[PDB]
Structures are given as structure tokens and as C-alpha cells.
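A.B. asks: What follows is a structure written as C-alpha cells; I'll ask about it next.
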Amino acid sequence: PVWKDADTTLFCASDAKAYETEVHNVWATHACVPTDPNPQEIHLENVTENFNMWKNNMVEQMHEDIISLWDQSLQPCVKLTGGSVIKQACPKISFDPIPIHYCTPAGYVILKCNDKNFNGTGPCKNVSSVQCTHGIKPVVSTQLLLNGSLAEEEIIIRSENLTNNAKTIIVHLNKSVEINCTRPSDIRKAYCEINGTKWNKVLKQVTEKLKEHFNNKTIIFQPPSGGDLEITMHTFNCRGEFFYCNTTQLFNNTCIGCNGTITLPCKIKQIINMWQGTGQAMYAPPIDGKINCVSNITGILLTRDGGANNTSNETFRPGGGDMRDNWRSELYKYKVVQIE
Ligand SMILES: NCCNC(=O)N1CCC[C@H](C(=O)Nc2ccc(Cl)c(F)c2)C1
Ligand SMILES: *[C@@H]1O[C@H](CO)[C@@H](O)[C@H](O)[C@H]1NC(C)=O
Ligand SMILES: *[C@@H]1O[C@H](CO)[C@@H](O)[C@H](O)[C@H]1NC(C)=O
Ligand SMILES: *[C@@H]1O[C@H](CO)[C@@H](O)[C@H](O)[C@H]1NC(C)=O
Ligand SMILES: *[C@@H]1O[C@H](CO)[C@@H](O)[C@H](O)[C@H]1NC(C)=O
Ligand SMILES: *[C@@H]1O[C@H](CO)[C@@H](O)[C@H](O)[C@H]1NC(C)=O
Ligand SMILES: *[C@@H]1O[C@H](CO)[C@@H](O)[C@H](O)[C@H]1NC(C)=O
Ligand SMILES: *[C@@H]1O[C@H](CO)[C@@H](O)[C@H](O)[C@H]1NC(C)=O
Ligand SMILES: *[C@@H]1O[C@H](CO)[C@@H](O)[C@H](O)[C@H]1NC(C)=O
Ligand SMILES: *[C@@H]1O[C@H](CO)[C@@H](O)[C@H](O)[C@H]1NC(C)=O
Ligand SMILES: *[C@@H]1O[C@H](CO)[C@@H](O)[C@H](O)[C@H]1NC(C)=O
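Read left to right, the sequence shown gives residues 43 to 124, 198 to 300, 325 to 355, 357 to 396, 409 to 492 (PDB author numbering).
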């Protein structure tokens, strides 16, 4: 086998149920084929292959699909786009993301990096060959990566360029921390409950590894100062409702009487600034009854402060906004090649 680096158009696969009215299922039913009934991963003996997750067309290809999925699935009362106005009907929908596999057409194959502490760029010593990735959930998230994969060994610090502060940092956790968000039976007041013990343990480890990457320096956490509500809050979609949660308690540099349950204040918003960058959208009020989503915190989005080269500290705040990094967090060990 001999290959070369190449971009090409991918296709998708799913376990989607054709009887479901859930929108991820309805979209995967007509845009994707069924998942590979006999998937086989094959090792590449004595092969070293270098990867670059910040340099992967797979990401932008998935991004186009999630844009597609949201525009056909989400029914907004009125669509406020670039100097435009549209008025429609906005019934409530069934919303729950399902895993999606990304697969190469003929002449192309996917290379899988299996080195347990691969950071996302550079040489991979344990390389695989697959026809499709594994099932990736398209979770649209800010500040915190939800329902993803875990790093198998240590916590991984991923970044295209650690010395550039504009570059986003992806923290790949090795132990998931549960986030339990509930709007109980304001109709827009909600809260997310987190294990403080579990949470502070893991964030202590996150700081000890950023210490390794930044020359033993003091690692400070801080809430985002300024930006849109989707940036300064942990924003996610639970069962169709847009949750905005205040995470200041999570990035508490201190509980590093504070090892119980952390309860984050949340509000469901009807008017959101779309992650697709095209403007404002207005949706309908929340459904009646108890609205609950439990998810796994599996990764953290961070931006580092600048102007601290002559200081003794480094400051990191929760990031968000560019959903590409969310897909990048799960496609990092994949790249497409052209077989020669
Ligand atoms: N480093 C990139 C700067 N990002 C940026 O400029 N954006 C434009 C304005 C806010 C946009 C957004 O994140 N929207 C959103 C909507 C719903 C959910 Cl659930 C969610 F998690 C997020 C992103
Ligand atoms: C390579 O990765 C595989 C799959 O993750 C795993 O069995 C092990 O870590 C590695 N195996 C060899 C033979 O290097
Ligand atoms: C990732 O590993 C490569 C070596 O392959 C190194 O050059 C790069 O600085 C590392 N990046 C991070 C963020 O650790
Ligand atoms: C949450 O994480 C555990 C392991 O940490 C895993 O077994 C479980 O399936 C995860 N749940 C979801 C919804 O991903
Ligand atoms: C997670 O990684 C840290 C180092 O980053 C390590 O100390 C810890 O033991 C790991 N935890 C698990 C459950 O692997
Ligand atoms: C990373 O960013 C720093 C500061 O922005 C810059 O000086 C450096 O050349 C960049 N390195 C690479 C490899 O792009
Ligand atoms: C999530 O929280 C609600 C109320 O806060 C509680 O009733 C439920 O048992 C919790 N679920 C889990 C899995 O912790
Ligand atoms: C937090 O996790 C610990 C283990 O780290 C566990 O014993 C305990 O049940 C959890 N506490 C809460 C309040 O969820
Ligand atoms: C960083 O601190 C650790 C503390 O365990 C020490 O072992 C290491 O030599 C230090 N390295 C640098 C570059 O300061
Ligand atoms: C989050 O809560 C703190 C107090 O707990 C408050 O000062 C801060 O303004 C809140 N964040 C936002 C974005 O409103
Ligand atoms: C994460 O997965 C669980 C189980 O599938 C689900 O209940 C929860 O709503 C998911 N979280 C998000 C943010 O989609």
C-alpha cells in the first residue's frame, strides 16, 4: 500500500431510524447511508505518518454538514439575516444528536493515529487504516466540549500554536465529568449541577499540564471578559432549547468549603446569535414540564491572555464560537489520503 496527502469529498453514515421524527435522524435518513455493517481496521506495520488536525479538510467538510442540518431542522419563528427578514412557523421539534461516520469514496482511505498521547500535530508511530471514522456526535457547544471522546492516557493539550495567544487551545480530558442541566416543572430559569469534587480534581490536573507546556509558570483561570452571550456563557442545545449557563464557579482558581455540588445558573433564550455567523434567530417558548439533559464534559475550549511575556503568570479563559474546533476535537486523529 502507498498513499499521498489529498482532499476529496466525503460521504456520511449513521444508525438513523427512519421512523423517528427527531431531526438528526430525519436528516441522516436522507443525507447519509447506513453504517458499515462489517467495519475493519487494519494496522500499518512499521509506518510513521505525520498528522495536522489544524490542517484537515475533514473538519470543514463536517462543518458544512452541521450547517446544513441546522438550517433544515430548526424551525424559527422569524429568521433575521443580513439586512433580511423572514417570518415562518416555529413548532417544537425533537432534538437529540446521533453519531455520524465520515467515509472516503473509492481511491481514498482514512488514516487513524493510535498513539495514545498524540497531541494532534506531528508524527504518529501507530497508524491504522479505516474506511470510515467512528460515530461522532455533532454537539454544538461553547466553553465546554460535551458528549465526546476521552483521551485514553493523560490529559492532552492541543493547539496549532501555543505561543500565539490568538490560537484556540483544546484540552482533551481523560475522565468525563457529568453536567446535569434541568429546567424544572420563570419558565426560562434553569440550572446545571456538577460534582465539585470530580470537577476540581480534573481541573487541578489540567493546570499541572499547562504548567508543563508553559515553563512551570503560574496558571490562572478567568471568566471571559466581553463578547456575545454565547461566548461568555456555556451555551448548548438541550432537547431543542438553547441553554445559556454561567460557568464562573467552574473557573474558580481557589477551590484548587467547596467540594459538594456546583450549581450553575442558566437561562433558556428564545433569541440567539447563530453559530453559523449569519445573524439573529427567534424561536418559541420552552415546552412545559421537566427539561433535563445529563452530558459528559470531555474537553475544554480555552484562550490564553496576551501581554504576559514579562510577567510570571499565564491566564486562560473559556473560549468558543468557532464550532470547527468542536469537530476538530474529534477528527484530530484522522486524515484523508489518496492511494497511489
Ligand atoms: N472564535 C470564533 C468567534 N465566534 C463568533 O464570532 N460567533 C458569532 C456570535 C456567537 C456564535 C455562537 O457561538 N452561537 C451559538 C448558538 C447556539 C449554541 Cl447552542 C452555541 F453553543 C453557540 C459564534
Ligand atoms: C496501537 O494501537 C492499538 C489500537 O489503539 C493498540 O492495540 C495499541 O495501543 C497499539 N498496538 C501496537 C501493536 O502498537
Ligand atoms: C505536539 O507535538 C509536536 C511534536 O510532534 C510538537 O512540535 C508540538 O509543539 C506539540 N504541541 C503541543 C501543543 O504540545
Ligand atoms: C459518559 O462517560 C462514560 C465514561 O466516562 C461513558 O461510559 C458514557 O457512555 C458517557 N455518556 C455519554 C452520553 O456519552
Ligand atoms: C489523567 O491524566 C493525568 C495527567 O495529565 C494523570 O495524572 C491522571 O492519572 C489521568 N487519569 C486517568 C483516569 O487516566
Ligand atoms: C506561533 O505564534 C507566535 C506568536 O504569535 C509566532 O511568533 C510564531 O512564529 C508562530 N509559530 C508558528 C510555527 O507558526
Ligand atoms: C439531575 O438533576 C435532577 C434535578 O437536579 C435530578 O432529579 C436527577 O436525578 C439528576 N440526574 C442525575 C443522573 O444525576
Ligand atoms: C463526586 O464524586 C465523588 C468521587 O470523586 C463521589 O464519591 C461522589 O458521589 C460525588 N459527589 C457528588 C455530590 O456528586
Ligand atoms: C518544571 O517544574 C518541575 C517540577 O516538578 C521540574 O521537575 C522541572 O525541572 C521544571 N522545568 C522547568 C523547565 O522549569
Ligand atoms: C456570572 O455570575 C457572576 C456572579 O456569580 C456575575 O458577576 C457575572 O456577571 C455572570 N456572567 C455573566 C456573563 O453575566
Ligand atoms: C449527551 O448525551 C446524553 C445521552 O445520549 C443526552 O441525554 C444529552 O442530552 C446529551 N447532551 C447534549 C448537550 O446533547
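Every residue, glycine too, gets a C-beta built ideally from N, C-alpha and C.
(1) How many Å lie between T463 and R456 at the Cα?
(2) Identify, in the order they occur along the chain, each residue of the same chain with its Cβ nearer than 8 angstroms to the Cβ of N262, setting aside the five sequence neighbours on each side.
(3) Locate the beta strand (DSSP E) running through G451, then write down its first and last residues.
(4) Mind checking who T375 pairs with in its DSSP beta bridge?
(5) From what residue to what residue does the alpha helix (DSSP H) around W45 run?
(6) Just to confirm the assignment, what range does the beta strand (DSSP E) spanning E466 have?
(7) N377: beta carbon under 7 angstroms from a heavy atom of ligand 2?
(8) Is there at least one non-hydrogen atom of ligand 1 closer than 7 angstroms to the beta-carbon of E102?
(9) Strictly by DSSP, which residues pair up with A329?
(10) So the alpha helix (DSSP H) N354 belongs to, where does it begin and stop?
(11) In angstroms, rounded to a whole number, what distance separates the CA positions of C205 and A70?
(12) Going by DSSP, which residues form a beta bridge with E482?
(13) Spell out the partners DSSP gives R298 in its beta bridges.
(14) Write down every uninterrupted run of the beta strand (DSSP E) in the region 246–294 whose length is 3 residues or greater and which is fully enclosed by it, in chain order.
(15) At the level of alpha carbons, what is the spacing between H72 and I272?
(16) In three-state DSSP terms, what is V341?
(17) Cutting at 6 angstroms between CB atoms, please list the residues of its own chain near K421, excluding the five before and the five after it.
(18) Please tell me whether, using a cut-off of 7 angstroms, the distance from the CB of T236 to the nearest non-hydrogen atom of ligand 6 is below it.
(19) Measuring CA to CA, which of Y486, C445 and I491 is closest to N229?
(20) When the Cα atoms are used, what is the spatial distance from residue 498 to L483?
(21) Please state whether DSSP places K231 in a helix, a strand or coil.
(22) Measuring only the C-alpha atoms, how far is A60 from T50?
(23) Measure the Cβ-Cβ separation of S243 and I84 and say whether it is below 8 angstroms.
(24) Assuming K207 contacts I439 (C-beta within less than 8 angstroms), just tell me the rounded distance between them.
(25) Under the three-state reduction of DSSP, which class applies to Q490: helix, strand or coil?
(26) Ignoring anything shorter than 3 residues, give me the beta strand (DSSP E) runs that lie fully in the region 43–102, in order along the chain.
(27) For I294, is the classification buried or exposed, using 16 other Cβ atoms within 10 angstroms of its Cβ as the cut-off for buried?
(28) Shortest alpha-carbon distance to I284 belongs to which of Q490, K46, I491 and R476?
(29) Thinking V101 and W479 are a contact (beta carbons under 8 angstroms), I'd like their distance in whole angstroms, please.
(30) So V292 packs on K343, CB below 8 angstroms; how close in whole Å?
C.D. replies: Taking the coordinates as given:
(1) 14 angstroms
(2) Leaving aside the five residues that flank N262 on each side, the residues in its chain whose CB is nearer than 8 angstroms to its CB run, in chain order, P212, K252, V254, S447, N448 and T450.
(3) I443 to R456
(4) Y384
(5) Judged by DSSP secondary structure, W45 falls outside any alpha helix (DSSP H) and instead within the beta strand (DSSP E) spanning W45 to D47.
(6) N465 to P470
(7) no
(8) The answer is no for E102.
(9) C418
(10) Neither: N354 is in no alpha helix (DSSP H) and is coded neither H nor E.
(11) 21 angstroms
(12) Partner(s): none; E482 has no beta bridge.
(13) Answer by DSSP bridge pairing, in chain order: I443.
(14) 259–261 and 271–273
(15) 37 angstroms
(16) helix
(17) Taken in chain order, the residues that qualify are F382 and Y384.
(18) no
(19) In terms of CA proximity to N229, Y486 leads the group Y486, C445 and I491.
(20) Because residue 498 is not part of the residues shown, which for the chain are 43 to 492, the question remains open.
(21) coil
(22) Approximately 28 angstroms, taken between the alpha carbons.
(23) The answer is yes: Cβ separation under 8 angstroms.
(24) At roughly 6 angstroms, the Cβ-Cβ gap stays under 8 angstroms, so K207 and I439 are in contact.
(25) strand
(26) 45–47, 53–56 and 91–94
(27) That one is buried.
(28) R476
(29) 5 angstroms
(30) The pair is not a contact, with the Cβ atoms about 12 angstroms apart (cut-off 8 angstroms).
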